[PDB]
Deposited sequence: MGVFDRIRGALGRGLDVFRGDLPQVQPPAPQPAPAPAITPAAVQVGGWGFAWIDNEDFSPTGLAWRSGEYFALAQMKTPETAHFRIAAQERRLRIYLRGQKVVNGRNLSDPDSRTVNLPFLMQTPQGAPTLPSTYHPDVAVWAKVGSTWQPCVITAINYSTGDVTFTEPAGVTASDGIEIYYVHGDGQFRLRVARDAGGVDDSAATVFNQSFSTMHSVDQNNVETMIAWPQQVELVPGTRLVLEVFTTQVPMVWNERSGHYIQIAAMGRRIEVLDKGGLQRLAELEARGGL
């Protein structure tokens, strides 16, 4: 067969390139949470000692709606909640880098206003909207420090670990910058047929990958077209 390789271009490997595996969370054991399947016409390369790397993964807590007649404050405790060095807007806010609260009103999910975040106790206060009826109608996604994660390259065990950090280190060490910084260890090739698998290991904090989870991944890479 004939193989044509295109020119190299800068590419961010980001969270949007990952798809959920659909695996359910389990305590104290690694499991594939999400995966980046390399396209049939692509080759990606992550450099040895790569430092343009940002990873902020979220834990999940699901609480019941109180079917309020009017909006009201709701306080939920978030085990292993962590502050990241990321720029945070002033509270009240619906966007916050460390916490995102969603409420289901009828059939529609909506972001909730966060009014207080206590990193010392893990308590987060948000305004619950009126008419949240479901027993699982409130989902809270937050940056946590329970356990670790790894990135593996799988073929088609035949899967090699290419990156591994605890959540407490990955989530607390910078950006802006140096001395403490985390570097990608070795050069990695993502050729057609390979999968970059995200595996997580937590004991008490459930982790799901869905449309509301807001996981953040940004890894500097090089990409090129490959045609057969």
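**Asked** What are the missing stretches of the deposited sequence, listed from start to end?
**Response** Several stretches lack coordinates - namely 1-40, 197-201, 274-291, in sequence order.
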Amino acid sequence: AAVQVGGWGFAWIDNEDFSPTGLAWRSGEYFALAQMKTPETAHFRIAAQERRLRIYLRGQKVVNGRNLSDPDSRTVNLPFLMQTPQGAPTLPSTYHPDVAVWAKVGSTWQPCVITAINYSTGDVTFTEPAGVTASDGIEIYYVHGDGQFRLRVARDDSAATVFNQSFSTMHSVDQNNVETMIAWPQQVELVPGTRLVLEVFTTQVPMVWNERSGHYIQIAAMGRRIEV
From here on, numbers count along this sequence of modelled residues.
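**Request:** Look over 145-153 and 70-78 in the entry and identify the one with the greater average Cα temperature factor.
**Result:** Taking the mean B-factor of the alpha carbons in each, 70-78 is higher.
**123-131 set against 104-112, stretch whose average Cα temperature factor tops the other in the entry** = Higher mean C-alpha B-factor in the PDB entry: 104-112.
**Request:** Pick out which of 162, 62, 190, 181 has the highest C-alpha B-factor in the PDB entry.
**Result:** The C-alpha B-factor peaks, among 162, 62, 190, 181, at 181.
**Out of 199, 50, 40, 29, residue topping the C-alpha B-factor column of the entry** = Of the candidates given, the C-alpha B-factor peaks at 40.
**Prompt:** residue 175's Cα B-factor: lowest, middle or highest third of the chain?
**Reply:** Its C-alpha B-factor belongs to the highest third of this chain's values.
**Prompt:** Lowest, middle or highest third: where is residue 168 by C-alpha B factor in its chain?
**Reply:** Residue 168: CA B-factor falls in the lowest third of its chain.
**Request:** Could you tell me which third, lowest, middle or highest, the C-alpha B-factor of residue 86 occupies within its chain?
**Result:** Top third by C-alpha B-factor.
**Prompt:** Based on the entry's values, in what third of the chain does the Cα temperature factor of residue 5 lie: lowest, middle or highest?
**Reply:** For residue 5, whose C-alpha B-factor we compare with every modelled residue in the chain, the answer is the highest third.
**Message:** How does the C-alpha B factor of residue 228 compare with the rest of the chain: lowest, middle or highest third?
**Reply:** For residue 228, the deposited C-alpha B-factor lands in the highest third.
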